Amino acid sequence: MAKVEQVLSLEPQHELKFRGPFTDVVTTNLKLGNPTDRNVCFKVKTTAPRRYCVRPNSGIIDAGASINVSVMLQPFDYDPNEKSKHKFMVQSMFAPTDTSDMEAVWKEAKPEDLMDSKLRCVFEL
């Protein structure tokens, strides 16, 4: 408000699942897609930095393009009945029609120019 709903498609769109055993590093794709005629800068943020790694974490997705984001979980001791309270977030933003790059753009970005989307987390097995 007046916040523009997310332009990017996500897949999955609501939650990211992880298949154990969580003996080793477990990984899962998030696919982002750009259905517009402008490039869309993105950031992929996480609730537990020390626990996850995102590749790519940021970037510009060309117009009409899709990229696969690797979300990677570090090994740990599962706990079956536990609930996963990690959230993953995608911040997007059209790389301004005249943009020089994607440097200090983020800090000076308005709340209007920003498009957010949060995803839940689930463990498995």
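Sequential numbering from 1, following the sequence displayed.
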(request) Between 101-109 and 20-28, name whichever shows the higher mean Cα B factor according to the PDB entry. (result) 101-109
(request) State which stretch shows the higher mean Cα B factor in the entry: 71-79 or 39-47. (result) 71-79
(request) Select one of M1, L119, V7, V122: the residue whose C-alpha shows the highest B-factor in the crystal structure entry. (result) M1
(message) Which third, lowest, middle or highest, does the C-alpha temperature factor of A63 belong to within its own chain?
(response) middle
(message) Considering every modelled residue of the chain and its Cα B-factor in the PDB entry, is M89 in the lowest, middle or highest third?
(response) middle
(message) Quick check for you: using the entry's CA B-factors within this chain, is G33 in the lowest, middle or highest third?
(response) middle
